[PDB]
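Right, one structure below, let's go through it.
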4 protein chains.
Amino acid sequence: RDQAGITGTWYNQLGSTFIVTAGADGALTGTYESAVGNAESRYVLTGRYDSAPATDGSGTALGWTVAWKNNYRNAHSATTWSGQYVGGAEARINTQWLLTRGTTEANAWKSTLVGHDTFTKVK
Amino acid sequence: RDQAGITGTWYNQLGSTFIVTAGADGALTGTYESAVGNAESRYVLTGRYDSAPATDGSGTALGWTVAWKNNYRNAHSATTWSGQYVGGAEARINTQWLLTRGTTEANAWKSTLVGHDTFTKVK
Amino acid sequence: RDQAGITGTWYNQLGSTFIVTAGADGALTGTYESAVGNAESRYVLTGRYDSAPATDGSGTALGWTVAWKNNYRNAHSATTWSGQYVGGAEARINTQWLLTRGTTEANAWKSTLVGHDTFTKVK
Amino acid sequence: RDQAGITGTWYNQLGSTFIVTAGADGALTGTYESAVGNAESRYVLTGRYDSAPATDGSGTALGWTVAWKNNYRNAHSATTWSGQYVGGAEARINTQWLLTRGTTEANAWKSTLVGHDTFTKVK
């Protein structure tokens, strides 16, 4: 339903760039570029979305992962964004995210950051 | 480094089954079967992991997504697990997860569940 | 430093009302009224804030708890807001929150909702 | 119902010490000592719990806050624990927590850590 809705270039409140293709099978594939956190250039992302969402005005559930390793840098970390795509005049992806850093057992308690990103089709 | 470490069948504290292959390129591919939450049978998952982790005793950062749609059911939801793989005698994947349900704007505030799953190679 | 900054009436993006007094000792005391989630009227809250924040332009760390029981209703739940107070022209409290419902062991996995509320001094 | 159940000394998986009194009015008051994160000695905590929980075998919802300032140190941060008290043979408090550090706007995205602590009456 939202394959075309989701496919494209999205920007969050930080100036990060999320380039995604939604597959007819529920796949999400693309690249993430973070404006913050010592990331450089594009990182692979993959994820999933609900390819057959409720017809009742509900958002479309989705998430995706970026491991912060590319040819430029390795943060030894990974972020997952869990959220929903909201169609219409000003389409949004509203997300919450978990970033886990690889740590020792002794630092495991502080391994994970949590936040929220809102993505729009205009910067 | 942990491609073989991660590839395989993992079980969490709920009796859920996570079947994953780690690609040399950082890919995670496989299937998830939840013991809870009105899921039935296998659901596609995709994700990423740090294919070149720190050599310093740190875990390996990873995450993955499941959209809760297969041929049996559609929960109109998606879970992301963010965590780290810890190698050795009793290998673990320690995760935190966000489950977002597709909702109306009026219910968006209650769209997202958070928990923690610990995966082991024995049930 | 921010005792006066924090003391007052705040509104979030949902139209909820947070009435708080910051004590010189780091205490937060007051009442919360939720615009959503079948809450009615005021609920007691308590919390803490950093009464001696960094002088470097950083926010002031704080959190507080509401148990969703008053003389009108009992949701058998509790929310904690963790965030920071940002002073200046448009003062904000930026929070992330965890709502845990009392559950059986069998439903514990779905006990906890997560979100984010941003509070302003104007509605 | 669980006033006596909750009142006491609890330990988490990190060796931290949570000393709490549950008030008949839903209050939680006491002190927290963290085994990790450069905390030293006791810090004030306050919170709330459901003083009239469901009679149906459900846990009792609660949370509390610690601002990481005492006479010894100031981390410029605050943790909230949201969870539920589970009575019986081996009483537990199962929590999820958010730690927000005071930050600049530019670092706000990385302000918040998330984890999970399980508290028992024996160390």
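By order in the structure tokens, chains are A, B, ...; within a chain, residues start at 1; ligands start at 1, following the order shown.
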Practice task
Quick one: everything within 9 Å of residue C:28, counting only C-alpha atoms, minus sequence neighbours fewer than 6 positions away in the same chain. Send it as a PyMOL selection string.
Solution key: (chain C and resi 7+20-22+45-49+62-64) or (chain D and resi 46)
For the interface of chain A with chain B (cut-off 8 Å, counting only C-alpha atoms), please tabulate each contacting residue of chain A alongside its nearest pair of atoms and their separation in Å to one decimal, rows sorted by chain and increasing number, as JSON lines.
```
{"residue": "A:26", "atom": "CA", "partner": "B:67", "partner_atom": "CA", "distance": 7.7}
{"residue": "A:45", "atom": "CA", "partner": "B:48", "partner_atom": "CA", "distance": 7.3}
{"residue": "A:46", "atom": "CA", "partner": "B:47", "partner_atom": "CA", "distance": 5.6}
{"residue": "A:47", "atom": "CA", "partner": "B:65", "partner_atom": "CA", "distance": 5.6}
{"residue": "A:48", "atom": "CA", "partner": "B:67", "partner_atom": "CA", "distance": 5.5}
{"residue": "A:49", "atom": "CA", "partner": "B:67", "partner_atom": "CA", "distance": 5.5}
{"residue": "A:50", "atom": "CA", "partner": "B:67", "partner_atom": "CA", "distance": 5.8}
{"residue": "A:51", "atom": "CA", "partner": "B:69", "partner_atom": "CA", "distance": 7.9}
{"residue": "A:52", "atom": "CA", "partner": "B:74", "partner_atom": "CA", "distance": 7.8}
{"residue": "A:53", "atom": "CA", "partner": "B:76", "partner_atom": "CA", "distance": 6.0}
{"residue": "A:54", "atom": "CA", "partner": "B:76", "partner_atom": "CA", "distance": 6.8}
{"residue": "A:57", "atom": "CA", "partner": "B:104", "partner_atom": "CA", "distance": 6.0}
{"residue": "A:58", "atom": "CA", "partner": "B:103", "partner_atom": "CA", "distance": 4.3}
{"residue": "A:59", "atom": "CA", "partner": "B:102", "partner_atom": "CA", "distance": 4.4}
{"residue": "A:60", "atom": "CA", "partner": "B:102", "partner_atom": "CA", "distance": 5.0}
{"residue": "A:61", "atom": "CA", "partner": "B:77", "partner_atom": "CA", "distance": 4.9}
{"residue": "A:62", "atom": "CA", "partner": "B:78", "partner_atom": "CA", "distance": 5.5}
{"residue": "A:63", "atom": "CA", "partner": "B:65", "partner_atom": "CA", "distance": 5.9}
{"residue": "A:64", "atom": "CA", "partner": "B:65", "partner_atom": "CA", "distance": 5.9}
{"residue": "A:65", "atom": "CA", "partner": "B:47", "partner_atom": "CA", "distance": 5.6}
{"residue": "A:66", "atom": "CA", "partner": "B:48", "partner_atom": "CA", "distance": 6.2}
{"residue": "A:67", "atom": "CA", "partner": "B:49", "partner_atom": "CA", "distance": 5.5}
{"residue": "A:68", "atom": "CA", "partner": "B:50", "partner_atom": "CA", "distance": 7.2}
{"residue": "A:69", "atom": "CA", "partner": "B:50", "partner_atom": "CA", "distance": 6.3}
{"residue": "A:74", "atom": "CA", "partner": "B:52", "partner_atom": "CA", "distance": 7.8}
{"residue": "A:76", "atom": "CA", "partner": "B:53", "partner_atom": "CA", "distance": 6.0}
{"residue": "A:77", "atom": "CA", "partner": "B:61", "partner_atom": "CA", "distance": 4.9}
{"residue": "A:78", "atom": "CA", "partner": "B:62", "partner_atom": "CA", "distance": 5.5}
{"residue": "A:79", "atom": "CA", "partner": "B:82", "partner_atom": "CA", "distance": 6.5}
{"residue": "A:80", "atom": "CA", "partner": "B:82", "partner_atom": "CA", "distance": 5.8}
{"residue": "A:81", "atom": "CA", "partner": "B:80", "partner_atom": "CA", "distance": 6.9}
{"residue": "A:82", "atom": "CA", "partner": "B:80", "partner_atom": "CA", "distance": 5.8}
{"residue": "A:83", "atom": "CA", "partner": "B:100", "partner_atom": "CA", "distance": 5.3}
{"residue": "A:84", "atom": "CA", "partner": "B:102", "partner_atom": "CA", "distance": 5.9}
{"residue": "A:96", "atom": "CA", "partner": "B:98", "partner_atom": "CA", "distance": 7.5}
{"residue": "A:97", "atom": "CA", "partner": "B:98", "partner_atom": "CA", "distance": 7.6}
{"residue": "A:98", "atom": "CA", "partner": "B:82", "partner_atom": "CA", "distance": 5.9}
{"residue": "A:99", "atom": "CA", "partner": "B:82", "partner_atom": "CA", "distance": 6.5}
{"residue": "A:100", "atom": "CA", "partner": "B:83", "partner_atom": "CA", "distance": 5.3}
{"residue": "A:101", "atom": "CA", "partner": "B:61", "partner_atom": "CA", "distance": 5.8}
{"residue": "A:102", "atom": "CA", "partner": "B:59", "partner_atom": "CA", "distance": 4.4}
{"residue": "A:103", "atom": "CA", "partner": "B:58", "partner_atom": "CA", "distance": 4.3}
{"residue": "A:104", "atom": "CA", "partner": "B:58", "partner_atom": "CA", "distance": 4.6}
{"residue": "A:105", "atom": "CA", "partner": "B:58", "partner_atom": "CA", "distance": 7.9}
{"residue": "A:112", "atom": "CA", "partner": "B:83", "partner_atom": "CA", "distance": 7.8}
```
Problem - strand (DSSP E or B) per DSSP on the backbone: members of chain D, as an MDAnalysis selection string - result: chainID D and resid 8:11 17:22 27:33 43:49 60:69 74:86 92:101 112:120
Just write the chosen residues, C-alpha atoms, as a short mmCIF file (atom, residue, chain, number, x, y, z; two decimals), in the first residue's frame.
```cif
data_model
loop_
_atom_site.label_atom_id
_atom_site.label_comp_id
_atom_site.auth_asym_id
_atom_site.auth_seq_id
_atom_site.Cartn_x
_atom_site.Cartn_y
_atom_site.Cartn_z
CA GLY D 8 13.30 -2.76 52.55
CA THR D 9 16.73 -3.21 51.01
CA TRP D 10 17.00 -4.47 47.42
CA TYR D 11 20.04 -5.39 45.29
CA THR D 17 21.71 -1.09 46.80
CA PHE D 18 18.17 0.36 46.76
CA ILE D 19 16.78 1.23 50.22
CA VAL D 20 13.11 2.22 50.05
CA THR D 21 10.06 2.89 52.25
CA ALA D 22 6.58 2.55 50.66
CA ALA D 27 5.05 7.34 48.25
CA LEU D 28 8.50 5.81 47.73
CA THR D 29 11.39 7.41 49.71
CA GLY D 30 14.97 6.22 50.33
CA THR D 31 18.52 6.07 49.03
CA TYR D 32 20.31 4.44 46.06
CA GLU D 33 23.95 3.38 45.97
CA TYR D 43 21.77 9.39 46.73
CA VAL D 44 18.24 10.46 47.60
CA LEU D 45 15.46 8.81 45.64
CA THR D 46 11.75 9.45 45.51
CA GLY D 47 8.97 7.74 43.63
CA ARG D 48 5.45 6.34 43.63
CA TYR D 49 3.80 2.90 43.59
CA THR D 60 2.41 -3.75 41.42
CA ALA D 61 3.46 -0.80 39.20
CA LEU D 62 6.08 1.58 40.60
CA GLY D 63 8.90 3.90 39.65
CA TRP D 64 11.44 6.23 41.20
CA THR D 65 14.08 8.84 40.37
CA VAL D 66 17.68 9.44 41.51
CA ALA D 67 19.47 12.69 40.54
CA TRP D 68 23.19 11.79 40.68
CA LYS D 69 24.13 14.63 43.03
CA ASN D 74 27.55 15.40 40.78
CA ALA D 75 27.19 13.38 37.53
CA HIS D 76 24.79 16.07 36.14
CA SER D 77 22.36 13.21 35.38
CA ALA D 78 19.20 11.50 36.59
CA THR D 79 17.90 7.91 36.32
CA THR D 80 14.22 6.85 36.42
CA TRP D 81 13.34 3.17 37.04
CA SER D 82 9.83 2.18 35.81
CA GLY D 83 8.77 -1.37 36.68
CA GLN D 84 6.66 -3.70 38.81
CA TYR D 85 7.03 -5.44 42.17
CA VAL D 86 6.31 -9.22 41.97
CA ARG D 92 11.43 -9.17 42.53
CA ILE D 93 11.30 -5.61 41.33
CA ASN D 94 11.67 -5.86 37.49
CA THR D 95 12.60 -2.47 36.03
CA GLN D 96 13.59 -0.64 32.87
CA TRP D 97 15.46 2.66 33.37
CA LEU D 98 16.29 5.91 31.48
CA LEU D 99 19.39 7.90 32.50
CA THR D 100 19.41 11.45 31.02
CA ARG D 101 22.66 13.49 31.28
CA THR D 112 19.78 9.28 27.30
CA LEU D 113 20.93 5.69 28.25
CA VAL D 114 18.36 2.86 28.63
CA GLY D 115 18.72 -0.44 30.50
CA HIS D 116 16.98 -2.91 32.73
CA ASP D 117 17.68 -3.76 36.38
CA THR D 118 16.18 -6.72 38.32
CA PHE D 119 16.13 -6.24 42.13
CA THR D 120 16.01 -9.05 44.66
#
```
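Among the candidates D:73, D:38, D:122, D:110, the residue lying nearest to residue D:91 is D:122 (atoms considered: only C-alpha atoms).
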